[PDB]
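Novice:
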Amino acid sequence: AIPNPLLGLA
Amino acid sequence: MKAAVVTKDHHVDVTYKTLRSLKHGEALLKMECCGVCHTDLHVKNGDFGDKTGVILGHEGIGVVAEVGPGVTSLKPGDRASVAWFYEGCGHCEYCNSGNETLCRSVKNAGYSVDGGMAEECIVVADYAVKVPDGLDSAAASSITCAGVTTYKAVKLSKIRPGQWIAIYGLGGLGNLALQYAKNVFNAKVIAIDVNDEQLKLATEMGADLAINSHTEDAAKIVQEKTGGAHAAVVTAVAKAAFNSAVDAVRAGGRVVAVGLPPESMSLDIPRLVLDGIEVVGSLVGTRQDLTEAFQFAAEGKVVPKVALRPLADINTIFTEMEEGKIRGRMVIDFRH
Amino acid sequence: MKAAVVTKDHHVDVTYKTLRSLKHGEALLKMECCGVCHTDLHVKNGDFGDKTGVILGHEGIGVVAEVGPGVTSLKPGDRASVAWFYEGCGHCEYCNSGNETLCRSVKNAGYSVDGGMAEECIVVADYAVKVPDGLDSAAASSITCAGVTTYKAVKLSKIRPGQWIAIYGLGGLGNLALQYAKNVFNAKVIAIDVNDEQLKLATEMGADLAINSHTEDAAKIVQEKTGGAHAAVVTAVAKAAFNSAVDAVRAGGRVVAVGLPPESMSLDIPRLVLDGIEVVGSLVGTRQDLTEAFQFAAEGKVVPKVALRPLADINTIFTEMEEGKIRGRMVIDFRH
Amino acid sequence: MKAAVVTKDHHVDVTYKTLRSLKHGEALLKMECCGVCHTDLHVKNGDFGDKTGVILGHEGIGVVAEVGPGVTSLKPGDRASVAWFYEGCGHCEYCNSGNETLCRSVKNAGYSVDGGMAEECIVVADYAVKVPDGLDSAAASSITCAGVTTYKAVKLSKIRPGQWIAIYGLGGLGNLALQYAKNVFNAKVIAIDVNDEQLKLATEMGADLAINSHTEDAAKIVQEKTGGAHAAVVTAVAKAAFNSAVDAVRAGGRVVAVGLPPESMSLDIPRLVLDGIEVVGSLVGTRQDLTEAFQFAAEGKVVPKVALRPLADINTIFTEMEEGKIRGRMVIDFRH
Amino acid sequence: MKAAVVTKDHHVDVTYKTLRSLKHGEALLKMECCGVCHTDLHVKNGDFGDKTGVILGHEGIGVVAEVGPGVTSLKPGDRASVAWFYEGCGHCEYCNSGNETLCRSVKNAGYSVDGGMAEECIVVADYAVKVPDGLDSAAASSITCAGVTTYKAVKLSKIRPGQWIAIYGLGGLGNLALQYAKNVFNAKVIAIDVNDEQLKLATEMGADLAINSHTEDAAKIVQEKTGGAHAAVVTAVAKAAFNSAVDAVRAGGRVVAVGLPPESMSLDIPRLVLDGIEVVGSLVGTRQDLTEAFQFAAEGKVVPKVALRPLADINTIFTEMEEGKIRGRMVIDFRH
Ligand SMILES: NC(=O)c1ccc[n+]([C@@H]2O[C@H](COP(=O)([O-])OP(=O)(O)OC[C@H]3O[C@@H](n4cnc5c(N)ncnc54)[C@H](O)[C@@H]3O)[C@@H](O)[C@H]2O)c1
Ligand SMILES: NC(=O)c1ccc[n+]([C@@H]2O[C@H](COP(=O)([O-])OP(=O)(O)OC[C@H]3O[C@@H](n4cnc5c(N)ncnc54)[C@H](O)[C@@H]3O)[C@@H](O)[C@H]2O)c1
Ligand SMILES: NC(=O)c1ccc[n+]([C@@H]2O[C@H](COP(=O)([O-])OP(=O)(O)OC[C@H]3O[C@@H](n4cnc5c(N)ncnc54)[C@H](O)[C@@H]3O)[C@@H](O)[C@H]2O)c1
Ligand SMILES: NC(=O)c1ccc[n+]([C@@H]2O[C@H](COP(=O)([O-])OP(=O)(O)OC[C@H]3O[C@@H](n4cnc5c(N)ncnc54)[C@H](O)[C@@H]3O)[C@@H](O)[C@H]2O)c1
Ligand SMILES: [Zn+2]
Ligand SMILES: [Zn+2]
Ligand SMILES: [Zn+2]
Ligand SMILES: [Zn+2]
Ligand SMILES: [Zn+2]
Ligand SMILES: [Zn+2]
Ligand SMILES: [Zn+2]
Ligand SMILES: [Zn+2]
């Protein structure tokens with residue numbers, strides 16, 4: 334988000 | 001039915017839940033067992049954001065009890081799996097290029113959708129890979145994450161037969177990485193861990209060399225004894241192993257990062273450049289990777305070390321895991 | 001003859017040097033040009049160990065004056081080059097697999113063997129790659145390190161046509177990296193530097209986007225404007241660029257490390273793993289890489305930014321380099 | 001509505017058709033355009049078995065008029081495509097590894113399912129790739145098979161920038177192969193055909209060399225002028241072109257077969273072995289390949305040569321195609 | 001010294017010769033063993049043109065008796081090999097990219113330069129790969145061509161562990177291809193030959209399936225039993241095996257051509273394209289390939305089947321070869 338491992342995923 | 005649910009204070013509450021009805025494309029699994037992954041531990045501790053309320057687990061093996069509208073990939077009676085890669089979008093730059101686990105709309109069991117550490121689990125049928133007939137359910141649970149991840153990691157490492165691969169962290173993943181590296185990819189293996197008991201297991205299973213990285217300088221020993229590993233797979237839960245791996249490979253060597261400690265690794269830039277080192281992250285495996293990983297276990301080329309536990313033991317298991325007391329995998333057994 | 005010689009106090013002694021007679025396989029070049037590389041700066045500063053006494057230079061272009069016994073690859077009158085890759089062993093796991101710059105017995109001009117920043121230079125004939133007729137000597141000097149290295153780095157980055165590549169550090173290497181990426185590999189390019197004059201030149205040469213990473217958050221902007229770069233090439237002389245590059249690529253993206261600051265980069269492990277990032281070092285290029293890189297410059301597909309200086313200016317040039325006052329390359333001119 | 005339907009005597013009847021209702025996952029396209037591909041000619045001639053009764057066409061561009069149950073990937077008003085790769089299974093060794101066009105359960109538009117050479121067409125929504133805003137429908141139609149196929153073929157050829165690629169057959173596919181090779185992959189191109197008008201157009205569009213293989217010994221001329229091509233793409237409808245390409249490459253070179261004459265090619269075995277030649281088949285492109293191919297056309301990097309025709313001209317077009325009188329593509333236009 | 005010399009009527013004359021003095025970079029080997037390769041048969045038959053007068057042999061193992069000027073890579077007493085790849089130029093597009101066997105200036109022992117089927121052999125020291133101490137000379141002779149070639153071919157096939165590979169021609173090369181495929185690359189193997197005796201031996205050494213291609217439709221059986229081989233390696237001396245392999249592989253499968261019959265193979269174009277088949281030629285191995293191949297034999301992972309014969313038997317041996325009567329390799333023994 335970005336980056337933001339895993340949490341940033343849609 | 002009973003479910004392992006993440007609590008606000010980073011424990012697990014065994015909770016009664018009633019699952020919703022199936023939608024189009026979904027299936028209901030009656031669970032036989034579910035492995036406990038160290039990723040479940042990261043998730044419940046909040047390393048990847050707060051997921052209070054989520055049902056844990058993505059090493060799930062279940063039997064199809066019911067299928068929803070439109071489902072042809074599964075039928076009642078099939079044994080199918082609940083893996084970290086629970087659903088990809090199926091139509092993007094990652095999904096269509098053979099890189100589906102990197103899908104940016106991915107749903108992950110035990111994290112962003114309810115997982116398989118419960119008596120029942122709703123799966124998306126086309127993404128719930130079937131278990132081959134010749135493989136017992138407890139063993140299959142380990143392949144569902146620990147096995148497919150390390151199978152793919154070694155594949156991605158580009159290790160060739162006869163070459164040296166350093167495996168850091170010989171836990172649930174690492175013990176299977178050793179087995180895949182040795183028995184399937186025909187590599188020579190250095191097993192590296194801070195725990196002598198994990199190393200004993202590695203040696204029993206044919207590790208060519210074993211090193212305690214707490215009491216020995218691992219990279220120095222690898223360099224001395226092998227001329228530097230051609231590749232490394234790092235499944236450890238501490239940054240020191242990732243740092244050591246960079247120094248343990250020979251020039252041109254590839255380090256495959258697999259473990260997920262909430263830390264940063266350090267790469268000496270001149271070392272990285274002047275010795276042409278490569279460092280790459282690997283994320284579970286595609287559905288085809290899992291199918292292949294399952295088949296190797298079905299034919300006995302790898303043999304997951306497992307111990308069966310009741311659901312009520314889940315918090316205790318996480319304590320054993322934290323304290324480095326687990327050997328191989330602990331598997332929640334739901335069976336009658 | 002006059003040579004640039006490293007001193008104990010990390011300066012350059014422009015002094016008198018006399019070359020020995022040739023051995024079997026060698027040739028004597030009368031030098032025309034030698035580019036000044038930032039690697040020369042690291043060397044004289046002691047970053048790779050004390051090399052007091054060595055003649056610097058590995059962007060050398062010269063004319064063969066004499067050949068030693070057994071030499072058939074060069075003849076008097078040929079224009080040939082003195083590159084970082086001065087000699088490899090020709091028979092090892094690296095040399096025979098298409099990875100010769102990683103040879104562990106490599107000799108490097110201006111470091112472990114006398115380089116080309118002098119009026120004369122002894123080369124190993126079969127390793128002194130020839131300059132093609134259509135390429136002027138000053139431009140060719142830049143291709144001899146800055147050009148071949150970045151040509152190869154972009155190649156190794158796996159960037160495909162129409163994809164986004166982030167180039168960090170727009171100096172001698174970086175400006176040529178931009179030109180190769182854009183004009184040869186047909187990528188879209190983000191140019192990133194802390195120096196506005198370097199960015200002005202990058203935009204002038206077709207950079208699609210330009211960011212000052214000292215005043216702006218480069219990774220954030222790359223993410224916002226492009227969706228994340230498919231690849232990155234880091235030719236900067238500071239760890240911050242390497243750290244930013246890691247965050248500027250999209251999932252599965254590859255960061256190619258080229259710069260050599262005596263520092264460590266930091267790589268967040270969950271980012272590396274969960275987003276499948278790759279970080280790889282690249283080291284100059286093979287003789288075939290250089291041949292190909294020269295030919296692009298000969299056909300005008302890349303145009304080295306060069307300024308000619310007398311050998312006496314070498315210490316001043318290094319100050320200019322340190323201070324970020326060079327557009328492209330300074331080139332020592334020995335032509336009378 | 002009106003559709004181009006294959007007859008038992010290998011002609012087309014423009015016929016009255018009423019499409020069935022949409023099922024789950026499907027969408028109804030009102031067609032704007034449909035390119036005529038030489039594959040449509042093979043199909044109607046029975047080269048791939050008797051397909052009497054099928055609606056032809058897989059260079060289709062249409063606007064979504066209606067979506068069936070569960071469809072979220074398309075909505076009314078969207079412009080989407082009907083390609084050869086009309087539907088894959090999504091879960092097999094080919095689909096999950098980035099090789100989806102090789103899916104053994106594939107449905108192919110204009111062959112094994114009704115295609116887009118009709119006023120309306122039913123598509124499977126997740127497999128009907130959207131057309132980018134900046135690209136006119138007629139041009140898009142060409143990219144939908146001729147463009148994506150040759151983009152992918154050049155990609156698969158492994159041609160590197162500055163290298164020589166020999167393109168055989170400069171027709172609908174071949175002309176676009178030239179444009180992708182030159183304008184996108186930065187290759188030098190030899191265009192080879194038996195038709196001077198095709199060659200004249202190729203030269204106009206930047207082909208470096210042009211050879212009429214009815215008047216010259218193509219492979220010999222390639223060898224003499226270039227040292228042998230680094231790669232070849234064969235989009236010709238005659239086995240002689242495939243045989244020639246194998247002779248026209250240099251050692252280590254790759255021939256990519258694309259054309260579908262119902263004939264066998266011949267390979268000299270000692271030539272194949274002693275010169276390390278590679279021959280590989282390429283089949284359209286994945287959904288990601290098409291997306292990428294479309295984007296190049298949207299940005300004007302390739303420009304399909306097209307001529308618009310009413311559906312009533314289909315048989316005439318096929319005669320023109322047989323007689324080799326088409327420059328680029330003929331496109332059936334359904335627009336007012 | 002005695003040498004196997006090719007005659008004008010395609011026989012061998014055992015001829016007394018006095019070798020010339022060593023040049024710079026050369027060494028003199030006193031030969032211990034030289035295997036008889038079917039390539040020697042092709043050569044003496046004139047299949048590659050008239051080579052009357054050449055000494056045969058490129059599976060040679062000898063002890064260095066003398067080194068010429070400048071030699072440091074070998075010293076008296078060393079055991080070194082005389083392989084097909086006798087010398088490459090060292091500086092070209094093939095030599096520097098990891099593809100040295102394709103060098104267009106290559107010298108081939110027993111073909112374009114005197115080979116090792118003689119009591120003495122002059123070698124180019126830097127290209128005469130040393131034999132590891134743990135490997136007996138007779139075994140080593142087979143690895144020198146049969147072994148390295150098939151090691152490399154299987155490597156080039158891209159066969160992955162657990163996958164099916166079809167090996168055609170279970171002779172000198174073929175039996176070692178089976179061993180490398182099985183014991184080194186962990187593949188499942190279909191052994192295919194016209195000779196039941198070769199097939200019995202293949203099965204004895206672990207071939208998973210065995211088919212006699214004279215009495216059975218090999219491709220049809222492969223398809224039925226395995227779903228199609230993931231890859232094929234064709235080491236047969238007849239075109240029918242190359243033709244069959246094309247139909248034996250699954251879609252996306254790779255056929256590696258190794259055998260050198262003076263014939264052509266036929267390749268159905270729709271099959272090649274619509275099933276994405278790959279056909280590639282493989283040519284011996286690089287010096288690194290040979291080094292690795294030797295190590296596998298030194299460690300007992302492959303065990304060449306050899307029978308010792310005096311030089312006088314050479315013509316009889318070629319007759320046995322023609323008639324398909326050799327299991328493994330016949331090895332000319334010069335020792336004692
Ligand atoms: N990339 C993926 O797809 C993926 C998949 C599954 C798990 N993981 C991650 O892999 C990691 C391990 O998973 P697990 O289930 O095998 O955990 P585990 O608890 O079973 O094993 C952890 C091992 O790491 C070892 N270790 C700790 N510090 C070390 C050090 N400094 N050097 C070497 N070894 C050290 C421990 O002794 C133990 O043996 C976790 O972070 C998990 O989240 C990643
Ligand atoms: N890997 C190889 O084979 C190879 C070959 C040649 C040079 N190098 C190394 O590459 C590096 C650059 O060489 P050069 O000759 O182009 O140096 P240069 O002095 O000409 O250019 C250096 C550039 O880095 C920029 N820079 C400084 N800090 C930055 C930051 N935080 N972010 C972005 N950019 C920043 C400067 O503004 C300047 O434009 C040196 O370390 C050199 O030793 C490596
Ligand atoms: N592999 C795939 O995915 C794919 C996709 C589309 C089309 N195709 C096939 O590609 C082939 C060409 O399609 P097209 O639409 O471009 O046909 P086209 O009719 O537009 O062009 C055919 C070209 O081949 C040329 N040609 C004929 N004989 C030749 C020879 N001996 N040497 C060189 N050139 C010669 C003709 O002059 C013409 O220029 C057809 O067989 C078609 O079915 C394959
Ligand atoms: N590509 C290379 O670098 C390389 C290296 C060495 C040898 N070769 C070539 O490989 C081939 C074999 O060499 P070899 O020493 O193993 O010969 P060999 O005589 O020992 O083995 C020949 C085998 O081919 C079998 N065979 C004949 N016809 C067949 C058919 N129709 N189908 C299946 N099998 C059939 C024979 O039964 C025999 O088992 C020769 O052509 C040789 O020139 C190539
Ligand atoms: Zn897990
Ligand atoms: Zn996706
Ligand atoms: Zn340099
Ligand atoms: Zn070397
Ligand atoms: Zn088509
Ligand atoms: Zn499929
Ligand atoms: Zn041979
Ligand atoms: Zn060469």
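Residue numbers (the authors' numbering), protein chains in the order written: chain P, 334 to 343; chain C, 1 to 336; chain B, 1 to 336; chain A, 1 to 336; chain D, 1 to 336.
For every residue, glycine included, the Cβ atom is placed at its ideal position computed from N, Cα and C.
1. In the DSSP assignment, find the alpha helix (DSSP H) that holds residue 341/A and state where it starts and stops.
2. Please state whether DSSP places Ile165/B in a helix, a strand or coil.
3. So if DSSP puts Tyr111/B in a beta bridge, which residue, or which two residues, is it bridged to?
4. Over what stretch of residues does the beta strand (DSSP E) that includes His230/C continue unbroken?
5. Put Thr101/D into one of helix, strand or coil per three-state DSSP.
6. Which value, in whole angstroms, describes the spacing of the CA atoms of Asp133/D and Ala218/B?
7. Report the rounded CA-to-CA distance for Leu267/B versus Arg254/C, giving the unit in angstroms.
8. Please compile the residues from chain C whose C-beta is within a distance smaller than 8 Å of the C-beta of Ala343/P.
9. Here's a check: name, in chain order, each residue in its chain whose Cβ is nearer than 6 Å to the Cβ of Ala3/A, leaving out the five neighbours to either side.
10. Quick check on the burial criterion: 16 or more other C-beta atoms within 10 angstroms. Buried or exposed for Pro310/B?
11. Can you determine whether any heavy atom of ligand 4 sits closer than 8 Å to the C-beta of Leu173/D, and answer yes or no?
12. Among the residues of its own chain, which have a CB less than 7 Å from the CB of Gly53/D, if the five just before and after it don't count?
13. I'd like to confirm something about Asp193/A: is its beta-carbon nearer than 8 Å to some heavy atom of ligand 3, or not?
14. Is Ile143/C a contact residue of ligand 1, with contact defined as CB to any heavy atom under 8 Å?
15. Who pairs with residue 351/D in a beta bridge, going by DSSP?
16. What separation, rounded to the nearest whole angstrom, lies between the Cα atoms of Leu290/B and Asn183/B?
17. For the alpha helix (DSSP H) containing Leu209/A, list its first residue and its last residue.
18. Quick check on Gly49/D: does DSSP put it in helix, strand or coil?
19. Taking the CB atoms as reference points, tell me whether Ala251/B and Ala229/B lie closer together than 9 Å.
20. Which of the three DSSP states, helix, strand or coil, is assigned to residue 339/D?
21. Please identify the residue among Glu93/C, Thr39/C and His38/C whose C-alpha is closest to the C-alpha of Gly227/B.
22. Against chain A, does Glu299/B count as a neighbour if the rule is that its beta carbon must be under 9 Å from one of theirs?
23. Under a CB-based cut-off of 9 Å, is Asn186/A close to chain B?
24. Which residue wins for smallest C-alpha separation from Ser81/C, given the options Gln179/C, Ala27/C and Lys325/C?
25. Can you round the beta-carbon distance between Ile165/B and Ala231/B to whole angstroms, since I take them to be within the 8 Å contact cut?
26. Check the Cβ of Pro338/P against every Cβ in chain C and list those closer than 8 Å, keeping chain order.
27. Tell me which residues of the region 100 to 131 of chain D have at least one Cβ-Cβ distance to chain B shorter than 9 Å, keeping chain order.
28. Which of the residues in the region 268 to 284 of chain B, read from start to end, lie with their CB under 7 Å from any CB of chain P?
29. What does the alpha-carbon distance come out to for the pair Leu170/A and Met31/C?
Specialist: In terms of the structure at hand:
1. Chain A is shown from 1 up to 336; residue 341/A falls before or after that span and cannot be answered.
2. strand
3. Beta-bridge pairing links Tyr111/B to no other residue.
4. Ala229 to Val234
5. helix
6. 57 Å
7. 15 Å
8. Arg104 and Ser105
9. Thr15, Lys17, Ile55 and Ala118
10. exposed
11. yes
12. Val5 and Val6
13. yes
14. no
15. Absent from the structure is residue 351/D, since the part of chain D shown begins at 1 and ends at 336.
16. 17 Å
17. It is not in any alpha helix (DSSP H) - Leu209/A instead sits in the beta strand (DSSP E) that spans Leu209 to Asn212.
18. strand
19. no
20. Residue coverage of chain D in this structure runs from 1 to 336, which leaves residue 339/D outside it and unanswerable.
21. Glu93/C
22. yes
23. yes
24. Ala27/C
25. 5 Å
26. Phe48
27. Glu100, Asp126, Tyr127 and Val129
28. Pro270, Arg271, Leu274 and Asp275
29. 59 Å
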